[PDB]
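A single chain comes next, written as structure tokens; it is the form solved without adenosine-2'-monophosphate (2AM).
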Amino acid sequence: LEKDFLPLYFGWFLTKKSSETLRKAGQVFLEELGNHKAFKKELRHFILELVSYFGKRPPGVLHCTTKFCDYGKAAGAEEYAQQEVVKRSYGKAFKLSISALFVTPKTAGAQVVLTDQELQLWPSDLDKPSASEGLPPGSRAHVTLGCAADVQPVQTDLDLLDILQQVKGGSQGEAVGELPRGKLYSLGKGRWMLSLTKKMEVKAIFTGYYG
């Protein structure tokens, strides 16, 4: 993991079965959400088949990105990979806990709640936009399940942070309902959160993306 060898990004790449399970949980969520009376009631604030709306799914296995590196050109890439724990974690297996699924007009995603051990692989030099303020590092951690038309998956970061900010300040609101596997919260502005009754555990390998 010297500078010349760095990937486009590092992250946890879900195993094939974990990826399948979470992809399927996400499609069931999008289908059940789009059919729920509370969501249909709020259609104006969002724009319908949410599975298709979020059809942009990059090719390959679902993942939780840590550090965008741009093959060593990105700020802090070399210093991230220089860390012993990164070197020692490359190729190693992890369990990630998913606590919620979410939807915005721009992205559909799974919130990841990293362990202390996994946080050691979370970069310390990320930008700190206003929506991250008061949230501990790693709150951004997610798996993107789908994007709208012309959305860039870097948008998923900011959508999740905005949702977590709203929850943090007590405007989560009362559950509007229950979908399979959790409670459904309406946050306004097209933003929806399925808080899962049980965390979804996925398995993943920490490695580099060289597409």
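Heads up: residue numbers just count along the shown sequence, starting at 1.
Another form, the form deposited with adenosine-2'-monophosphate (2AM) bound, is not on view; read the next lines as being about it.
At a distance threshold of 4.5 angstroms between non-hydrogen atoms, residue 8 is in contact with adenosine-2'-monophosphate (2AM) in the bound PDB entry.
Residue 148 falls outside the set of residues with a heavy atom inside 4.5 Å of adenosine-2'-monophosphate (2AM) in the bound PDB entry. At the 4.5 Å threshold, heavy atoms of residue 182 stay clear of adenosine-2'-monophosphate (2AM) in the bound PDB entry, well away from it. Contact check for residue 36: no non-hydrogen atom falls within 4.5 Å of adenosine-2'-monophosphate (2AM) in the bound PDB entry. Screening 48, 154, 175, 28 for any heavy atom within 4.5 Å of adenosine-2'-monophosphate (2AM) in the bound PDB entry leaves a single hit, 154. Residues with any non-hydrogen atom within 4.5 angstroms of adenosine-2'-monophosphate (2AM) in the bound PDB entry fall in just one of 137 to 145, 91 to 99, 78 to 86, 111 to 119: 137 to 145. Along 64 to 87, these residues reach a heavy atom to within 4.5 Å of adenosine-2'-monophosphate (2AM) in the bound PDB entry: 65, 68.
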